[PDB]
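S.K.: What follows is entry-v9.cif, mmCIF, C-alpha atoms.
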data_run
#
loop_
_atom_site.group_PDB
_atom_site.id
_atom_site.type_symbol
_atom_site.label_atom_id
_atom_site.label_comp_id
_atom_site.auth_asym_id
_atom_site.auth_seq_id
_atom_site.Cartn_x
_atom_site.Cartn_y
_atom_site.Cartn_z
ATOM 1 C CA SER V 667 12.965 17.364 -8.291
ATOM 2 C CA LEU V 668 14.367 14.100 -6.962
ATOM 3 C CA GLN V 669 11.389 13.430 -4.632
ATOM 4 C CA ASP V 670 8.649 13.099 -7.268
ATOM 5 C CA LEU V 671 10.992 11.397 -9.746
ATOM 6 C CA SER V 672 11.809 8.840 -7.035
ATOM 7 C CA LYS V 673 8.110 8.523 -6.126
ATOM 8 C CA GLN V 674 6.531 8.463 -9.579
ATOM 9 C CA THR V 675 6.072 5.052 -11.198
ATOM 10 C CA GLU V 676 5.805 5.608 -14.974
ATOM 11 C CA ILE V 677 9.490 6.265 -15.766
ATOM 12 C CA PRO V 678 12.074 3.587 -14.922
ATOM 13 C CA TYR V 679 15.443 4.987 -13.914
ATOM 14 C CA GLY V 680 18.943 3.867 -13.050
ATOM 15 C CA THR V 681 22.626 4.391 -13.746
ATOM 16 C CA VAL V 682 25.835 2.573 -14.656
ATOM 17 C CA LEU V 683 26.493 -0.347 -12.325
ATOM 18 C CA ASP V 684 29.718 -0.345 -10.272
ATOM 19 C CA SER V 685 29.655 3.464 -10.414
ATOM 20 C CA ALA V 686 29.993 5.675 -7.350
ATOM 21 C CA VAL V 687 26.349 6.599 -7.997
ATOM 22 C CA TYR V 688 25.362 2.928 -7.861
ATOM 23 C CA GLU V 689 27.475 2.287 -4.759
ATOM 24 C CA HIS V 690 26.015 5.363 -3.032
ATOM 25 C CA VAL V 691 22.412 4.391 -3.755
ATOM 26 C CA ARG V 692 23.157 0.794 -2.718
ATOM 27 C CA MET V 693 24.626 2.079 0.559
ATOM 28 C CA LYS V 694 21.483 4.141 1.154
ATOM 29 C CA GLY V 695 19.326 1.145 0.168
ATOM 30 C CA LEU V 696 20.733 -1.794 2.100
ATOM 31 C CA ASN V 697 21.196 0.098 5.367
ATOM 32 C CA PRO V 698 18.220 -0.491 7.719
ATOM 33 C CA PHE V 699 18.975 2.780 9.528
ATOM 34 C CA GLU V 700 18.209 4.985 6.532
ATOM 35 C CA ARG V 701 15.096 7.041 7.021
ATOM 36 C CA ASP V 702 13.479 8.671 3.981
ATOM 37 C CA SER V 703 11.530 6.260 1.768
ATOM 38 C CA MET V 704 13.253 8.054 -1.134
ATOM 39 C CA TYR V 705 16.301 5.813 -0.744
ATOM 40 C CA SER V 706 14.339 2.573 -0.382
ATOM 41 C CA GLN V 707 12.231 3.420 -3.440
ATOM 42 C CA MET V 708 15.344 4.258 -5.470
ATOM 43 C CA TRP V 709 16.916 0.952 -4.423
ATOM 44 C CA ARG V 710 13.716 -0.960 -5.218
ATOM 45 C CA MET V 711 13.703 0.585 -8.690
ATOM 46 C CA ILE V 712 17.360 -0.437 -9.032
ATOM 47 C CA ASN V 713 17.225 -3.805 -7.260
ATOM 48 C CA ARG V 714 14.904 -5.282 -9.909
ATOM 49 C CA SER V 715 17.080 -8.292 -10.765
ATOM 50 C CA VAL S 765 3.722 12.257 16.158
ATOM 51 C CA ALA S 766 5.856 10.220 18.540
ATOM 52 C CA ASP S 767 6.900 11.988 21.772
ATOM 53 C CA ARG S 768 5.793 9.183 24.104
ATOM 54 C CA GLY S 769 7.587 5.871 24.530
ATOM 55 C CA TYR S 770 6.895 2.266 25.397
ATOM 56 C CA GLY S 771 8.070 1.217 28.838
ATOM 57 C CA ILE S 772 8.344 -1.438 31.526
ATOM 58 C CA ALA S 773 6.155 -0.786 34.559
ATOM 59 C CA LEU S 774 6.709 -1.609 38.223
ATOM 60 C CA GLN S 775 5.076 -1.449 41.627
ATOM 61 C CA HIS S 776 5.841 1.594 43.745
ATOM 62 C CA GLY S 777 8.850 1.058 45.986
ATOM 63 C CA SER S 778 10.415 -1.560 43.740
ATOM 64 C CA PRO S 779 14.186 -1.033 44.072
ATOM 65 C CA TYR S 780 14.925 -2.804 40.802
ATOM 66 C CA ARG S 781 13.547 0.105 38.716
ATOM 67 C CA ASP S 782 16.929 1.845 38.781
ATOM 68 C CA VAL S 783 18.823 -1.330 37.853
ATOM 69 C CA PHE S 784 16.455 -1.855 34.920
ATOM 70 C CA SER S 785 16.806 1.741 33.707
ATOM 71 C CA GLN S 786 20.601 1.537 34.019
ATOM 72 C CA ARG S 787 20.824 -1.702 32.040
ATOM 73 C CA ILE S 788 18.398 -0.418 29.386
ATOM 74 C CA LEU S 789 20.529 2.700 28.902
ATOM 75 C CA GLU S 790 23.641 0.514 28.694
ATOM 76 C CA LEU S 791 22.022 -1.720 26.065
ATOM 77 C CA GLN S 792 20.997 1.368 24.093
ATOM 78 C CA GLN S 793 24.573 2.664 24.142
ATOM 79 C CA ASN S 794 26.132 -0.763 23.520
ATOM 80 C CA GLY S 795 24.278 -1.240 20.215
ATOM 81 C CA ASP S 796 22.724 -4.584 21.199
ATOM 82 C CA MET S 797 19.311 -2.886 21.211
ATOM 83 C CA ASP S 798 19.763 -2.114 17.507
ATOM 84 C CA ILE S 799 20.222 -5.818 16.705
ATOM 85 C CA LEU S 800 16.990 -6.901 18.404
ATOM 86 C CA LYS S 801 15.263 -3.965 16.705
ATOM 87 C CA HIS S 802 16.445 -4.931 13.213
ATOM 88 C CA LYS S 803 15.628 -8.607 13.855
ATOM 89 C CA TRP S 804 11.857 -8.036 14.016
ATOM 90 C CA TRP S 805 11.489 -5.085 11.583
ATOM 91 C CA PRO S 806 13.728 -6.135 8.663
ATOM 92 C CA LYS S 807 13.721 -3.482 5.950
ATOM 93 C CA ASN S 808 13.585 -5.744 2.892
ATOM 94 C CA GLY S 809 9.920 -6.676 3.020
ATOM 95 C CA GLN S 810 7.835 -8.165 0.233
ATOM 96 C CA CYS S 811 6.428 -4.878 -1.067
ATOM 97 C CA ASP S 812 6.491 -1.104 -0.681
ATOM 98 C CA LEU S 813 4.445 -0.293 2.430
ATOM 99 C CA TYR S 814 4.111 3.407 1.590
ATOM 100 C CA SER S 815 3.352 4.028 -2.092
ATOM 101 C CA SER S 816 -0.341 4.527 -2.833
ATOM 102 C CA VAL S 817 0.266 5.576 -6.461
ATOM 103 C CA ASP S 818 -1.541 2.321 -6.940
ATOM 104 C CA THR S 819 -4.068 3.210 -9.655
ATOM 105 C CA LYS S 820 -6.611 1.046 -11.487
ATOM 106 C CA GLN S 821 -8.117 3.266 -14.199
ATOM 107 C CA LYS S 822 -5.378 4.720 -16.401
ATOM 108 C CA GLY S 823 -6.663 4.644 -19.979
ATOM 109 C CA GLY S 824 -9.764 6.592 -18.939
ATOM 110 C CA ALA S 825 -11.790 4.256 -21.138
ATOM 111 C CA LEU S 826 -15.388 3.266 -20.585
ATOM 112 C CA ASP S 827 -15.865 -0.495 -20.526
ATOM 113 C CA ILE S 828 -18.459 -3.285 -20.373
ATOM 114 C CA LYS S 829 -18.464 -2.944 -16.586
ATOM 115 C CA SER S 830 -18.706 0.791 -15.880
ATOM 116 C CA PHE S 831 -21.173 1.694 -18.653
ATOM 117 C CA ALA S 832 -23.213 -1.496 -18.588
ATOM 118 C CA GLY S 833 -25.902 -0.320 -16.155
ATOM 119 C CA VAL S 834 -27.429 1.681 -19.017
ATOM 120 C CA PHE S 835 -28.322 -1.583 -20.779
ATOM 121 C CA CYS S 836 -30.936 -2.272 -18.092
ATOM 122 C CA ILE S 837 -32.820 0.788 -19.371
ATOM 123 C CA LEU S 838 -33.082 -0.938 -22.754
ATOM 124 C CA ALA S 839 -33.987 -4.290 -21.180
ATOM 125 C CA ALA S 840 -36.886 -2.723 -19.265
ATOM 126 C CA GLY S 841 -38.305 -1.423 -22.539
ATOM 127 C CA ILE S 842 -37.817 -4.776 -24.260
ATOM 128 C CA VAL S 843 -39.628 -6.622 -21.465
ATOM 129 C CA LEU S 844 -42.465 -4.101 -21.195
ATOM 130 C CA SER S 845 -43.008 -4.093 -24.967
ATOM 131 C CA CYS S 846 -43.107 -7.901 -25.010
ATOM 132 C CA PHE S 847 -45.609 -7.909 -22.129
ATOM 133 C CA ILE S 848 -47.852 -5.309 -23.787
ATOM 134 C CA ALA S 849 -47.793 -7.030 -27.190
ATOM 135 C CA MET S 850 -49.017 -10.324 -25.698
ATOM 136 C CA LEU S 851 -52.217 -8.549 -24.568
ATOM 137 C CA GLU S 852 -53.460 -9.073 -28.132
ATOM 138 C CA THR S 853 -54.367 -12.634 -27.114
ATOM 139 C CA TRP S 854 -56.183 -11.318 -24.023
ATOM 140 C CA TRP S 855 -58.284 -8.613 -25.696
ATOM 141 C CA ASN S 856 -58.951 -10.150 -29.125
ATOM 142 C CA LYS S 857 -61.248 -12.771 -27.571
ATOM 143 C CA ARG S 858 -64.012 -10.153 -27.273
ATOM 144 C CA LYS S 859 -62.703 -6.900 -28.794
ATOM 145 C CA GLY S 860 -65.748 -6.772 -31.120
ATOM 146 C CA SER S 861 -63.462 -6.656 -34.118
ATOM 147 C CA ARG S 862 -59.869 -7.831 -34.408
#
As structure tokens, how would this structure be written, given the file I've shared?
M.R.:
Amino acid sequence: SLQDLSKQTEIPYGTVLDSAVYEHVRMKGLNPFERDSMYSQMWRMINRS
Amino acid sequence: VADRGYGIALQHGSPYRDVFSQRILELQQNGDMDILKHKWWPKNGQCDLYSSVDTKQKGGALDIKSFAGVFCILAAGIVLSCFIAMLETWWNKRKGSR
């Protein structure tokens, strides 16, 4: 499932930049309203450099 | 487990209570409250506040720290054997034969 995969730490993960997937996860990341730590952890895995 | 809320408290019979509650509700609707909220709890902190995955032992290996207490069992024997051996010089003064 997405929850463990987003909350494990051994496997790095990401996508193609400038994709709708990237833009969607960035939208869920940058927004301070967004609730589940899922989205912040996904962004923090992405936002490495 | 939220339910309760933080509030501003007044003396009984203060008329201003209603004005305060009105203006607070207006600020909540008008979005200004969200700006002051974000200002002091900015999302993009130094580190993840929530992950405890945070593990030290991974390789499962024994090492010169975890095992090393056993070496004091050897050291006790070394010391005691040294101490006992030196009693040659104590007894052989008058042992009757060496």
S.K.: Using all atoms listed in the file, what does the table of chain S residues within 12 Å of chain V look like, with each row giving the shortest atom pair and its distance in Å to one decimal, sorted by chain and ascending number, as a tab-separated table?
M.R.:
residue	atom	partner	partner_atom	distance
S:798	CA	V:699	CA	9.4
S:799	CA	V:698	CA	10.6
S:801	CA	V:698	CA	10.1
S:802	CA	V:698	CA	7.3
S:803	CA	V:698	CA	10.5
S:804	CA	V:698	CA	11.7
S:805	CA	V:698	CA	9.0
S:806	CA	V:698	CA	7.3
S:807	CA	V:698	CA	5.7
S:808	CA	V:696	CA	8.2
S:809	CA	V:710	CA	10.7
S:810	CA	V:710	CA	10.8
S:811	CA	V:710	CA	9.3
S:812	CA	V:707	CA	7.8
S:813	CA	V:703	CA	9.7
S:814	CA	V:703	CA	8.0
S:815	CA	V:673	CA	7.7
S:816	CA	V:673	CA	9.9
S:817	CA	V:675	CA	7.5
S:818	CA	V:675	CA	9.1
S:819	CA	V:675	CA	10.4
S:822	CA	V:676	CA	11.3
S.K.: To one decimal place in Å, what is the distance between atom CA of residue V:678 and atom CA of residue V:705?
M.R.: 15.0 Å
S.K.: Can you tell me, as JSON, the centre and edge lengths (Å, one decimal) of the axis-aligned box enclosing all of stretch 687-699 of chain V's listed atoms after padding each side by 3 Å?
M.R.:
{"center_x": 22.8, "center_y": 2.4, "center_z": 0.8, "size_x": 15.3, "size_y": 14.4, "size_z": 23.5}
S.K.: Given all atoms listed in the file as the basis, pick out the residue of V:715, V:708, V:667, V:692 nearest to residue V:679.
M.R.: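 Ranked by minimum distance to residue V:679, first place goes to V:708.
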S.K.: What is the atom CA of residue S:770-atom CA of residue S:788 distance in Å, reported with one decimal?
M.R.: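 So the answer is 12.5 Å.
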S.K.: Please report the interatomic distance between atom CA of residue S:830 and atom CA of residue V:677 in Å with one decimal.
M.R.: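 So the two atoms, atom CA of residue S:830 and atom CA of residue V:677, lie 28.7 Å apart.
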S.K.: Counting only C-alpha atoms, what is within 12 Å of residue S:774, bar same-chain residues fewer than 5 positions away, as a PyMOL selection string?
M.R.: chain S and resi 779-782+784-785
S.K.: Could you check which of V:704, V:693, V:682, V:687 is closest to residue V:669, using all atoms listed in the file?
M.R.: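 For residue V:669, the nearest of the candidates is V:704.
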